[PDB]
file run21.cif (mmCIF, C-alpha atoms and all ligand atoms)
data_input
#
loop_
_atom_site.group_PDB
_atom_site.id
_atom_site.type_symbol
_atom_site.label_atom_id
_atom_site.label_comp_id
_atom_site.auth_asym_id
_atom_site.auth_seq_id
_atom_site.Cartn_x
_atom_site.Cartn_y
_atom_site.Cartn_z
ATOM 1 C CA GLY H 696 9.835 5.702 26.891
ATOM 2 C CA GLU H 697 6.988 3.150 26.177
ATOM 3 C CA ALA H 698 4.402 1.155 28.288
ATOM 4 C CA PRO H 699 5.404 -2.343 29.499
ATOM 5 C CA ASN H 700 3.851 -5.245 27.550
ATOM 6 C CA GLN H 701 2.266 -7.416 30.307
ATOM 7 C CA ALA H 702 0.568 -9.865 27.903
ATOM 8 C CA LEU H 703 0.706 -13.508 29.156
ATOM 9 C CA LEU H 704 2.341 -16.117 26.903
ATOM 10 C CA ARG H 705 0.497 -19.414 27.680
ATOM 11 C CA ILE H 706 2.626 -22.578 27.204
ATOM 12 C CA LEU H 707 0.165 -25.424 26.544
ATOM 13 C CA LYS H 708 0.926 -29.173 27.078
ATOM 14 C CA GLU H 709 0.324 -31.790 24.262
ATOM 15 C CA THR H 710 -2.067 -33.669 26.688
ATOM 16 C CA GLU H 711 -4.539 -30.685 26.403
ATOM 17 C CA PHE H 712 -5.230 -31.227 22.616
ATOM 18 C CA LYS H 713 -7.367 -33.771 20.649
ATOM 19 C CA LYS H 714 -6.244 -32.890 17.009
ATOM 20 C CA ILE H 715 -9.471 -33.957 15.135
ATOM 21 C CA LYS H 716 -8.242 -33.513 11.488
ATOM 22 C CA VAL H 717 -5.770 -31.634 9.211
ATOM 23 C CA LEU H 718 -6.694 -28.361 7.372
ATOM 24 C CA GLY H 719 -3.711 -27.452 5.087
ATOM 25 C CA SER H 720 -0.049 -27.965 3.945
ATOM 26 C CA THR H 725 1.282 -28.368 8.123
ATOM 27 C CA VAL H 726 -2.174 -26.866 9.192
ATOM 28 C CA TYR H 727 -4.441 -28.856 11.656
ATOM 29 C CA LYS H 728 -7.847 -28.493 13.435
ATOM 30 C CA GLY H 729 -8.646 -29.820 16.947
ATOM 31 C CA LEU H 730 -9.935 -29.203 20.483
ATOM 32 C CA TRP H 731 -8.117 -27.578 23.464
ATOM 33 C CA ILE H 732 -9.269 -28.920 26.870
ATOM 34 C CA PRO H 733 -7.467 -26.686 29.427
ATOM 35 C CA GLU H 734 -6.260 -28.953 32.344
ATOM 36 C CA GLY H 735 -9.453 -29.706 34.422
ATOM 37 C CA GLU H 736 -11.679 -26.756 33.312
ATOM 38 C CA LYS H 737 -14.674 -28.694 31.780
ATOM 39 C CA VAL H 738 -14.362 -26.603 28.518
ATOM 40 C CA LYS H 739 -13.500 -27.679 24.928
ATOM 41 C CA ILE H 740 -12.138 -24.865 22.645
ATOM 42 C CA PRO H 741 -12.072 -25.337 18.843
ATOM 43 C CA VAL H 742 -8.497 -24.482 17.743
ATOM 44 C CA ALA H 743 -6.328 -24.266 14.617
ATOM 45 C CA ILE H 744 -2.753 -25.594 15.202
ATOM 46 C CA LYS H 745 0.090 -24.089 13.026
ATOM 47 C CA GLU H 746 2.968 -26.684 13.639
ATOM 48 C CA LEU H 747 6.443 -25.910 12.069
ATOM 49 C CA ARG H 748 7.043 -27.128 8.398
ATOM 50 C CA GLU H 749 10.936 -27.409 7.904
ATOM 51 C CA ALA H 750 11.228 -27.964 11.758
ATOM 52 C CA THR H 751 15.103 -28.067 11.464
ATOM 53 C CA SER H 752 15.437 -24.267 11.055
ATOM 54 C CA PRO H 753 16.519 -21.968 13.943
ATOM 55 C CA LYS H 754 15.553 -19.046 11.530
ATOM 56 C CA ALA H 755 11.976 -20.494 11.178
ATOM 57 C CA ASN H 756 11.638 -20.668 15.042
ATOM 58 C CA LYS H 757 12.825 -16.975 15.529
ATOM 59 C CA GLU H 758 10.086 -15.919 13.020
ATOM 60 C CA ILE H 759 7.325 -18.152 14.548
ATOM 61 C CA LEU H 760 8.080 -16.712 18.041
ATOM 62 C CA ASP H 761 7.973 -13.124 16.615
ATOM 63 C CA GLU H 762 4.455 -13.874 15.300
ATOM 64 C CA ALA H 763 3.518 -15.352 18.720
ATOM 65 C CA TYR H 764 4.857 -12.217 20.486
ATOM 66 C CA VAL H 765 2.529 -9.959 18.361
ATOM 67 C CA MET H 766 -0.554 -12.266 18.412
ATOM 68 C CA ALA H 767 -0.198 -12.695 22.228
ATOM 69 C CA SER H 768 -0.084 -8.882 22.648
ATOM 70 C CA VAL H 769 -3.378 -8.075 20.787
ATOM 71 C CA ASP H 770 -6.898 -8.250 22.271
ATOM 72 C CA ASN H 771 -9.731 -7.028 19.973
ATOM 73 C CA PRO H 772 -12.862 -8.691 18.539
ATOM 74 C CA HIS H 773 -11.653 -8.005 14.940
ATOM 75 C CA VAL H 774 -8.123 -9.343 15.503
ATOM 76 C CA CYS H 775 -7.082 -13.011 15.719
ATOM 77 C CA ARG H 776 -5.651 -13.887 19.173
ATOM 78 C CA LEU H 777 -3.078 -16.528 20.160
ATOM 79 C CA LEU H 778 -4.452 -18.957 22.817
ATOM 80 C CA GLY H 779 -0.868 -20.201 23.426
ATOM 81 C CA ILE H 780 2.182 -22.054 22.077
ATOM 82 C CA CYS H 781 3.138 -25.765 22.297
ATOM 83 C CA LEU H 782 6.932 -26.118 22.906
ATOM 84 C CA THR H 783 7.437 -29.523 21.237
ATOM 85 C CA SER H 784 10.199 -30.255 18.620
ATOM 86 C CA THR H 785 8.004 -28.305 16.126
ATOM 87 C CA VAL H 786 6.805 -24.996 17.766
ATOM 88 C CA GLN H 787 3.031 -24.754 17.135
ATOM 89 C CA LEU H 788 0.879 -21.711 17.504
ATOM 90 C CA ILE H 789 -2.541 -22.523 18.903
ATOM 91 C CA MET H 790 -5.233 -20.121 17.650
ATOM 92 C CA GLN H 791 -9.029 -19.839 17.656
ATOM 93 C CA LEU H 792 -10.667 -22.053 14.949
ATOM 94 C CA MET H 793 -12.088 -19.776 12.162
ATOM 95 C CA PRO H 794 -14.276 -22.447 10.532
ATOM 96 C CA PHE H 795 -15.192 -20.630 7.242
ATOM 97 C CA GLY H 796 -11.456 -20.005 6.343
ATOM 98 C CA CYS H 797 -10.030 -16.848 4.652
ATOM 99 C CA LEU H 798 -12.428 -14.125 3.435
ATOM 100 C CA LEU H 799 -10.789 -14.260 -0.072
ATOM 101 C CA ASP H 800 -11.846 -17.938 -0.617
ATOM 102 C CA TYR H 801 -15.211 -17.143 1.061
ATOM 103 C CA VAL H 802 -16.166 -14.302 -1.379
ATOM 104 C CA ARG H 803 -14.990 -16.403 -4.405
ATOM 105 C CA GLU H 804 -17.016 -19.457 -3.265
ATOM 106 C CA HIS H 805 -20.202 -17.519 -2.268
ATOM 107 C CA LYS H 806 -20.373 -14.522 -4.778
ATOM 108 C CA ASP H 807 -23.999 -15.517 -5.622
ATOM 109 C CA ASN H 808 -25.119 -15.301 -1.928
ATOM 110 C CA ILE H 809 -23.229 -12.197 -0.632
ATOM 111 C CA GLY H 810 -25.389 -9.065 -0.258
ATOM 112 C CA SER H 811 -24.350 -5.445 0.349
ATOM 113 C CA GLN H 812 -25.025 -5.663 4.170
ATOM 114 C CA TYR H 813 -22.316 -8.363 4.606
ATOM 115 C CA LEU H 814 -19.783 -6.609 2.354
ATOM 116 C CA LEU H 815 -20.081 -3.177 4.060
ATOM 117 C CA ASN H 816 -20.154 -4.815 7.538
ATOM 118 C CA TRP H 817 -16.906 -6.646 6.687
ATOM 119 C CA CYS H 818 -15.346 -3.301 5.652
ATOM 120 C CA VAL H 819 -16.345 -1.773 9.075
ATOM 121 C CA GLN H 820 -14.970 -4.811 11.035
ATOM 122 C CA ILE H 821 -11.585 -4.733 9.202
ATOM 123 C CA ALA H 822 -11.363 -0.920 9.743
ATOM 124 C CA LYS H 823 -12.032 -1.535 13.466
ATOM 125 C CA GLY H 824 -9.328 -4.241 13.652
ATOM 126 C CA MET H 825 -6.854 -2.010 11.786
ATOM 127 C CA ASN H 826 -7.813 0.986 13.982
ATOM 128 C CA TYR H 827 -7.104 -1.149 17.088
ATOM 129 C CA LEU H 828 -3.635 -2.145 15.705
ATOM 130 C CA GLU H 829 -2.894 1.601 15.159
ATOM 131 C CA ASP H 830 -3.907 2.451 18.795
ATOM 132 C CA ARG H 831 -1.325 -0.308 19.749
ATOM 133 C CA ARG H 832 1.280 1.507 17.497
ATOM 134 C CA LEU H 833 1.399 -1.638 15.289
ATOM 135 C CA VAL H 834 1.836 -1.653 11.474
ATOM 136 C CA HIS H 835 0.503 -4.892 9.896
ATOM 137 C CA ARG H 836 2.354 -4.600 6.509
ATOM 138 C CA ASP H 837 0.393 -7.546 4.969
ATOM 139 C CA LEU H 838 -3.333 -6.589 5.008
ATOM 140 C CA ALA H 839 -5.120 -8.494 2.197
ATOM 141 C CA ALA H 840 -8.363 -10.480 1.848
ATOM 142 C CA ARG H 841 -6.259 -13.690 2.266
ATOM 143 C CA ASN H 842 -5.240 -12.424 5.768
ATOM 144 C CA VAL H 843 -8.811 -11.928 7.071
ATOM 145 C CA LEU H 844 -10.535 -15.022 8.603
ATOM 146 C CA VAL H 845 -14.280 -15.755 8.926
ATOM 147 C CA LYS H 846 -15.404 -16.968 12.409
ATOM 148 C CA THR H 847 -18.989 -16.622 11.100
ATOM 149 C CA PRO H 848 -20.290 -14.833 7.953
ATOM 150 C CA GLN H 849 -21.250 -11.974 10.402
ATOM 151 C CA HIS H 850 -17.789 -11.848 12.096
ATOM 152 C CA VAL H 851 -14.304 -11.552 10.489
ATOM 153 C CA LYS H 852 -10.848 -10.952 12.073
ATOM 154 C CA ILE H 853 -7.452 -9.749 10.749
ATOM 155 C CA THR H 854 -4.633 -12.323 10.934
ATOM 156 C CA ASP H 855 -1.044 -13.039 9.709
ATOM 157 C CA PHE H 856 1.300 -10.928 11.912
ATOM 158 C CA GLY H 857 4.301 -12.490 9.970
ATOM 159 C CA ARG H 858 5.352 -8.981 8.684
ATOM 160 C CA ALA H 859 3.851 -6.985 11.580
ATOM 161 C CA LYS H 860 6.270 -4.394 13.114
ATOM 162 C CA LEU H 861 5.765 -2.427 16.362
ATOM 163 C CA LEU H 862 6.678 1.248 15.639
ATOM 164 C CA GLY H 863 9.235 2.649 18.170
ATOM 165 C CA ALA H 864 8.232 5.274 20.807
ATOM 166 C CA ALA H 865 9.828 7.984 18.509
ATOM 167 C CA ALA H 866 9.791 5.949 15.174
ATOM 168 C CA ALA H 867 6.725 6.958 13.023
ATOM 169 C CA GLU H 868 8.040 4.967 9.952
ATOM 170 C CA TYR H 869 9.565 1.420 9.728
ATOM 171 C CA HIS H 870 12.495 0.837 7.247
ATOM 172 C CA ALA H 871 12.520 -2.756 5.750
ATOM 173 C CA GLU H 872 15.462 -4.454 3.870
ATOM 174 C CA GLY H 873 14.242 -6.835 1.072
ATOM 175 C CA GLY H 874 12.522 -10.281 0.728
ATOM 176 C CA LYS H 875 9.349 -11.727 -0.943
ATOM 177 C CA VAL H 876 6.916 -8.743 -0.508
ATOM 178 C CA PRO H 877 3.190 -8.393 -1.480
ATOM 179 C CA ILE H 878 3.740 -5.620 -4.105
ATOM 180 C CA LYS H 879 0.142 -5.471 -5.407
ATOM 181 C CA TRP H 880 -1.212 -4.509 -1.890
ATOM 182 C CA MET H 881 1.586 -2.078 -0.991
ATOM 183 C CA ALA H 882 1.595 1.726 -0.863
ATOM 184 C CA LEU H 883 3.896 3.418 -3.419
ATOM 185 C CA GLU H 884 6.248 4.788 -0.668
ATOM 186 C CA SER H 885 6.722 1.096 0.489
ATOM 187 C CA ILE H 886 7.605 -0.288 -3.002
ATOM 188 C CA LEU H 887 10.040 2.671 -3.662
ATOM 189 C CA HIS H 888 11.554 3.577 -0.252
ATOM 190 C CA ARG H 889 10.515 0.555 1.966
ATOM 191 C CA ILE H 890 8.621 3.141 4.202
ATOM 192 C CA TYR H 891 5.649 1.633 6.142
ATOM 193 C CA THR H 892 3.112 3.451 8.357
ATOM 194 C CA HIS H 893 -0.509 3.142 9.517
ATOM 195 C CA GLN H 894 -1.188 5.212 6.340
ATOM 196 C CA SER H 895 0.508 2.548 4.150
ATOM 197 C CA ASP H 896 -1.788 -0.040 5.853
ATOM 198 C CA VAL H 897 -4.710 2.188 4.694
ATOM 199 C CA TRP H 898 -3.517 1.740 1.072
ATOM 200 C CA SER H 899 -3.596 -2.034 1.661
ATOM 201 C CA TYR H 900 -7.096 -1.743 3.255
ATOM 202 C CA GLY H 901 -8.214 -0.092 -0.026
ATOM 203 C CA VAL H 902 -6.905 -2.986 -2.133
ATOM 204 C CA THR H 903 -8.536 -5.419 0.365
ATOM 205 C CA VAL H 904 -11.929 -3.664 -0.033
ATOM 206 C CA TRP H 905 -11.511 -3.869 -3.846
ATOM 207 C CA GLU H 906 -10.872 -7.646 -3.525
ATOM 208 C CA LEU H 907 -14.131 -8.005 -1.516
ATOM 209 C CA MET H 908 -16.243 -5.751 -3.889
ATOM 210 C CA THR H 909 -14.956 -7.742 -6.960
ATOM 211 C CA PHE H 910 -15.765 -11.082 -5.162
ATOM 212 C CA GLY H 911 -12.039 -11.957 -4.990
ATOM 213 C CA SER H 912 -10.570 -10.752 -8.307
ATOM 214 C CA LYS H 913 -6.745 -10.518 -8.473
ATOM 215 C CA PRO H 914 -5.526 -6.912 -8.444
ATOM 216 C CA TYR H 915 -3.644 -5.867 -11.626
ATOM 217 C CA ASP H 916 -4.181 -9.489 -12.843
ATOM 218 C CA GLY H 917 -1.623 -10.624 -15.485
ATOM 219 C CA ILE H 918 0.562 -7.534 -14.790
ATOM 220 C CA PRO H 919 3.985 -8.562 -13.383
ATOM 221 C CA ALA H 920 4.982 -7.004 -9.992
ATOM 222 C CA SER H 921 8.121 -5.304 -11.513
ATOM 223 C CA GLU H 922 5.918 -2.717 -13.389
ATOM 224 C CA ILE H 923 3.409 -1.997 -10.510
ATOM 225 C CA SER H 924 5.470 0.977 -9.160
ATOM 226 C CA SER H 925 5.628 2.535 -12.696
ATOM 227 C CA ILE H 926 1.839 2.102 -13.302
ATOM 228 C CA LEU H 927 1.139 3.808 -9.935
ATOM 229 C CA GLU H 928 3.654 6.635 -10.654
ATOM 230 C CA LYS H 929 1.715 7.317 -13.980
ATOM 231 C CA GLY H 930 -1.408 7.558 -11.708
ATOM 232 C CA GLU H 931 -3.190 4.293 -12.761
ATOM 233 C CA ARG H 932 -5.297 2.659 -9.993
ATOM 234 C CA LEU H 933 -7.486 -0.450 -9.763
ATOM 235 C CA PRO H 934 -10.753 -0.040 -11.720
ATOM 236 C CA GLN H 935 -14.226 0.773 -10.197
ATOM 237 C CA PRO H 936 -15.920 -2.584 -9.454
ATOM 238 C CA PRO H 937 -19.335 -3.049 -11.167
ATOM 239 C CA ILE H 938 -21.297 -3.257 -7.849
ATOM 240 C CA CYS H 939 -19.657 -0.075 -6.451
ATOM 241 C CA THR H 940 -21.325 3.316 -6.347
ATOM 242 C CA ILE H 941 -18.928 6.269 -6.789
ATOM 243 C CA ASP H 942 -19.358 6.756 -2.959
ATOM 244 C CA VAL H 943 -17.637 3.439 -2.179
ATOM 245 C CA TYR H 944 -15.055 3.676 -5.029
ATOM 246 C CA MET H 945 -14.115 7.279 -4.044
ATOM 247 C CA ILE H 946 -13.225 5.893 -0.529
ATOM 248 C CA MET H 947 -10.948 3.223 -2.147
ATOM 249 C CA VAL H 948 -9.288 5.864 -4.427
ATOM 250 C CA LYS H 949 -8.598 8.104 -1.358
ATOM 251 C CA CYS H 950 -6.740 5.092 0.230
ATOM 252 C CA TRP H 951 -4.507 5.185 -2.935
ATOM 253 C CA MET H 952 -3.423 8.890 -2.771
ATOM 254 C CA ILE H 953 0.359 9.496 -3.156
ATOM 255 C CA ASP H 954 0.348 11.885 -0.152
ATOM 256 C CA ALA H 955 0.089 9.304 2.684
ATOM 257 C CA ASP H 956 -1.411 11.909 5.079
ATOM 258 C CA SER H 957 -4.159 12.657 2.495
ATOM 259 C CA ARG H 958 -5.428 9.023 2.801
ATOM 260 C CA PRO H 959 -8.261 8.402 5.323
ATOM 261 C CA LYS H 960 -7.583 7.326 8.931
ATOM 262 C CA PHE H 961 -8.901 3.859 9.937
ATOM 263 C CA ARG H 962 -11.186 5.697 12.423
ATOM 264 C CA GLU H 963 -12.695 7.639 9.452
ATOM 265 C CA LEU H 964 -13.122 4.441 7.399
ATOM 266 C CA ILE H 965 -15.097 3.056 10.402
ATOM 267 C CA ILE H 966 -17.398 6.138 10.291
ATOM 268 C CA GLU H 967 -17.840 6.198 6.465
ATOM 269 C CA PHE H 968 -18.511 2.429 6.089
ATOM 270 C CA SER H 969 -20.866 2.488 9.155
ATOM 271 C CA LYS H 970 -23.050 5.221 7.563
ATOM 272 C CA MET H 971 -23.182 3.158 4.312
ATOM 273 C CA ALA H 972 -23.938 -0.047 6.288
ATOM 274 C CA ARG H 973 -27.120 1.673 7.675
ATOM 275 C CA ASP H 974 -28.460 1.833 4.023
ATOM 276 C CA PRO H 975 -26.506 -0.749 2.061
ATOM 277 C CA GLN H 976 -28.529 -0.952 -1.204
ATOM 278 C CA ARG H 977 -27.836 2.774 -1.711
ATOM 279 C CA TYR H 978 -24.008 2.118 -1.799
ATOM 280 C CA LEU H 979 -23.623 -1.318 -3.452
ATOM 281 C CA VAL H 980 -25.821 -2.466 -6.395
ATOM 282 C CA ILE H 981 -25.967 -6.285 -6.423
ATOM 283 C CA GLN H 982 -28.451 -8.334 -8.589
ATOM 284 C CA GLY H 983 -30.817 -10.263 -6.222
ATOM 285 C CA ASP H 984 -29.578 -8.449 -3.047
ATOM 286 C CA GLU H 985 -32.871 -8.597 -0.997
ATOM 287 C CA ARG H 986 -32.884 -12.439 -1.317
ATOM 288 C CA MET H 987 -29.328 -13.297 -0.165
ATOM 289 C CA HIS H 988 -28.917 -15.858 2.765
ATOM 290 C CA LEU H 989 -25.630 -17.014 4.565
ATOM 291 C CA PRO H 990 -25.222 -19.097 7.830
ATOM 292 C CA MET H 1002 -18.495 -29.567 12.614
ATOM 293 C CA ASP H 1003 -19.170 -33.109 14.056
ATOM 294 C CA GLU H 1004 -17.268 -34.101 17.285
ATOM 295 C CA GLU H 1005 -18.736 -36.849 19.655
ATOM 296 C CA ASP H 1006 -19.753 -34.572 22.621
ATOM 297 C CA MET H 1007 -20.187 -30.845 21.684
ATOM 298 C CA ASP H 1008 -21.848 -30.033 25.083
ATOM 299 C CA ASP H 1009 -18.796 -28.436 26.794
ATOM 300 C CA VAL H 1010 -17.710 -26.582 23.579
ATOM 301 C CA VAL H 1011 -16.936 -22.856 24.198
ATOM 302 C CA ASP H 1012 -15.665 -20.453 21.480
ATOM 303 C CA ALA H 1013 -12.259 -18.898 22.399
ATOM 304 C CA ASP H 1014 -14.082 -15.471 22.441
ATOM 305 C CA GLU H 1015 -16.158 -16.617 25.495
ATOM 306 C CA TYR H 1016 -13.044 -18.149 27.125
ATOM 307 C CA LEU H 1017 -11.319 -15.409 29.129
ATOM 308 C CA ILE H 1018 -8.585 -15.733 31.758
ATOM 309 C CA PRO H 1019 -7.263 -13.092 34.236
HETATM 310 S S1 LIG S 1101 -7.708 -16.114 14.532
HETATM 311 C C1 LIG S 1101 -6.844 -17.384 13.829
HETATM 312 N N1 LIG S 1101 -7.221 -18.664 13.723
HETATM 313 N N2 LIG S 1101 -6.470 -19.333 12.799
HETATM 314 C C2 LIG S 1101 -5.502 -18.499 12.500
HETATM 315 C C3 LIG S 1101 -4.481 -18.747 11.513
HETATM 316 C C4 LIG S 1101 -4.540 -19.834 10.641
HETATM 317 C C5 LIG S 1101 -3.544 -20.017 9.696
HETATM 318 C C6 LIG S 1101 -2.504 -19.107 9.600
HETATM 319 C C7 LIG S 1101 -2.472 -18.025 10.475
HETATM 320 BR BR1 LIG S 1101 -1.076 -16.738 10.373
HETATM 321 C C8 LIG S 1101 -3.442 -17.841 11.413
HETATM 322 N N3 LIG S 1101 -5.620 -17.324 13.213
HETATM 323 NA NA NA S 1102 1.281 -2.458 3.380
#
call {"tool": "encode", "arguments": {"input": "run21.cif", "output": "structure tokens", "more": "lines below"}}
Ligand SMILES: */[SH]=c1/[nH]nc(-c2cccc(Br)c2)[nH]1
Ligand code: NA
result
Amino acid sequence: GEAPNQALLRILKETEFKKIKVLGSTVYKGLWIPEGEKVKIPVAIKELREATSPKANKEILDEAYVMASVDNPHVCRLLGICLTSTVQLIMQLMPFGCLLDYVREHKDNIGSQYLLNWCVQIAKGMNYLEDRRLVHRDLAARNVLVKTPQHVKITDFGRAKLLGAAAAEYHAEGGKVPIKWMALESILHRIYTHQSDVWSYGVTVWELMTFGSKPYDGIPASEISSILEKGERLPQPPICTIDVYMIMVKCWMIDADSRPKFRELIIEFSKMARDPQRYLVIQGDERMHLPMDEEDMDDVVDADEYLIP
């Protein structure tokens, strides 16, 4: 019916971590020293907030299932889980944070080469999730992390659903949903496909090309479906040639099958990335430049160079 999932879930002991500092609020940053391996791995630890909630633990372990089952350079991977009172996911440290905050903070230093390269990397991540019959359902600039300015990865598998062997669409049943990133068929009929992820990819690319503007800003979510039905779409960003904007608009077609495939978005953004100043017009583009303190950094290895059978 479907291939067995032989991914390994690694259970890590509390004695393998040296939690250096705290990131957010319960988000933490630290080092993972696998039991006698002479390696230190920078990690982000997501430890449980409420901690009292059986519902919270079901959801955290669903995320861990998906993150443990993915292996791609443009997708965040789970190093393992810590089975203490609060169930923690241990993940690779992405030291520059979310791409949304990164484009807001560094507008003045982001050239066309970075922007179009990010678009290719996200399309590659999303194409890999499709090969794995996985629908993300929450693609947004906030859910892409920056390992380096040259290297981003898709994250937040909180809404991710594995399509059934014979189930092309997933049918959801209510909650707090990200309306402004969602395909029309998802807002109306709670239908979700690879093609509805493409719609979200479009909105994500618009966030990047506007240096992190809020889509349909100051419009309440209740009217978004009506606006889209009338045929309104997000406006052409100033830096965007019609070439780039036409690709975004195709991601926002009402016929889901008329939207591009992730594999096509890889091709189209790659061609544009070979001649970036022809596709994005940014003031001062040719000038733009983009790039921790623990006692001993000698045995530090990035998770991406730390592989296990
Ligand atoms: S690749 C990766 N590293 N950190 C994270 C992460 C941080 C905070 C929230 C989530 Br869902 C993931 N993933
Ligand atoms: Na979506």
call {"tool": "closest_atom_pairs", "arguments": {"input": "run21.cif", "of": "chain H", "to": "ligand LIG 1101 (chain S)", "cutoff": "6 Å", "atoms": "only C-alpha atoms and all ligand atoms", "output": "tab-separated table"}}
result
residue	atom	partner	partner_atom	distance
H:743	CA	S:LIG1101	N2	5.3
H:775	CA	S:LIG1101	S1	3.4
H:776	CA	S:LIG1101	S1	5.5
H:790	CA	S:LIG1101	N1	4.6
H:791	CA	S:LIG1101	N1	4.5
H:792	CA	S:LIG1101	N1	5.0
H:793	CA	S:LIG1101	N1	5.2
H:854	CA	S:LIG1101	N3	5.6
H:855	CA	S:LIG1101	BR1	3.8
call {"tool": "resolve_selection", "arguments": {"input": "run21.cif", "expression": "the PyMOL selection byres (((chain H and resi 966) around 12) and not hetatm)", "output": "list in words"}}
result
residues 815, 816, 818, 819, 820, 822, 823, 826, 946, 959, 960, 961, 962, 963, 964, 965, 967, 968, 969, 970, 971, 972 and 973 of chain H
call {"tool": "residues_around", "arguments": {"input": "run21.cif", "residues": "range 899-915 of chain H", "least_positions_apart": "3", "cutoff": "9 Å", "atoms": "only C-alpha atoms", "output": "number ranges by chain"}}
result
H: 798-806, 809, 814, 817-818, 821-822, 825, 836-841, 879-882, 894-896, 918-920, 923, 932-939, 944, 946-951, 961, 979
call {"tool": "resolve_selection", "arguments": {"input": "run21.cif", "expression": "the PyMOL selection byres (((chain H and resi 714) around 9) and not hetatm)", "output": "list in words"}}
result
residues 712, 713, 715, 716, 717, 727, 728, 729, 730, 731, 742, 743 and 744 of chain H
call {"tool": "closest_residue", "arguments": {"input": "run21.cif", "among": "H:833, H:788, H:1002, H:755", "to": "residue 863 in chain H", "atoms": "all atoms listed in the file"}}
result
H:833
call {"tool": "closest_residue", "arguments": {"input": "run21.cif", "among": "H:893, H:739, H:888, H:846", "to": "residue 861 in chain H", "atoms": "all atoms listed in the file"}}
result
H:893
call {"tool": "closest_residue", "arguments": {"input": "run21.cif", "among": "H:990, H:1008, H:1015, H:835", "to": "ligand NA 1102 (chain S)", "atoms": "all atoms listed in the file"}}
result
H:835
call {"tool": "atom_distance", "arguments": {"input": "run21.cif", "atom1": "CA of residue 892 in chain H", "atom2": "CA of residue 770 in chain H"}}
result
20.8 Å
call {"tool": "atom_distance", "arguments": {"input": "run21.cif", "atom1": "CA of residue 758 in chain H", "atom2": "CA of residue 1012 in chain H"}}
result
27.5 Å
call {"tool": "residues_around", "arguments": {"input": "run21.cif", "residues": "residue 697 in chain H", "least_positions_apart": "4", "cutoff": "12 Å", "atoms": "all atoms listed in the file", "output": "list in words"}}
result
residues 831, 832, 861, 862, 863, 864, 865 and 866 of chain H
call {"tool": "axis_aligned_box", "arguments": {"input": "run21.cif", "around": "range 913-921 of chain H", "padding_each_side": "6 Å", "output": "lines of an AutoDock Vina configuration file"}}
result
center_x = 0.7
center_y = -8.0
center_z = -12.0
size_x = 26.9
size_y = 17.3
size_z = 19.0
call {"tool": "closest_residue", "arguments": {"input": "run21.cif", "among": "H:763, H:778, H:890, H:747", "to": "ligand NA 1102 (chain S)", "atoms": "all atoms listed in the file"}}
result
H:890
call {"tool": "closest_residue", "arguments": {"input": "run21.cif", "among": "H:783, H:710, H:885, H:921", "to": "ligand NA 1102 (chain S)", "atoms": "all atoms listed in the file"}}
result
H:885
call {"tool": "decode", "arguments": {"input": "run21.cif", "residues": "range 782-790 of chain H", "atoms": "N, CA, C and O atoms", "output": "compact mmCIF listing (two decimals), in the first residue's frame"}}
result
# COMPACT_ATOMS: atom_id res chain seq x y z
N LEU H 782 13.24 12.89 26.57
CA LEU H 782 11.99 12.37 27.20
C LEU H 782 12.01 12.67 28.70
O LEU H 782 11.92 11.73 29.55
N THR H 783 12.14 13.95 29.02
CA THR H 783 12.03 14.45 30.41
C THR H 783 10.57 14.87 30.60
O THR H 783 9.82 14.82 29.60
N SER H 784 10.19 15.26 31.82
CA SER H 784 8.84 15.79 32.15
C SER H 784 8.30 16.56 30.95
O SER H 784 7.24 16.20 30.42
N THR H 785 9.04 17.59 30.53
CA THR H 785 8.71 18.42 29.34
C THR H 785 9.42 17.77 28.14
O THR H 785 10.67 17.60 28.22
N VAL H 786 8.66 17.36 27.11
CA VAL H 786 9.24 16.67 25.91
C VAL H 786 9.83 17.72 24.96
O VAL H 786 9.07 18.54 24.40
N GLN H 787 11.14 17.65 24.72
CA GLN H 787 11.88 18.72 24.03
C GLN H 787 12.20 18.20 22.64
O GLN H 787 12.51 17.07 22.49
N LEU H 788 12.09 19.01 21.63
CA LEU H 788 12.68 18.55 20.37
C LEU H 788 14.07 19.12 20.31
O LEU H 788 14.25 20.25 20.74
N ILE H 789 15.03 18.35 19.86
CA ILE H 789 16.38 18.92 19.68
C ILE H 789 16.62 19.05 18.19
O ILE H 789 16.49 18.04 17.47
N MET H 790 16.97 20.24 17.75
CA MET H 790 17.07 20.55 16.30
C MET H 790 18.36 21.30 15.99
O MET H 790 18.98 21.79 16.88
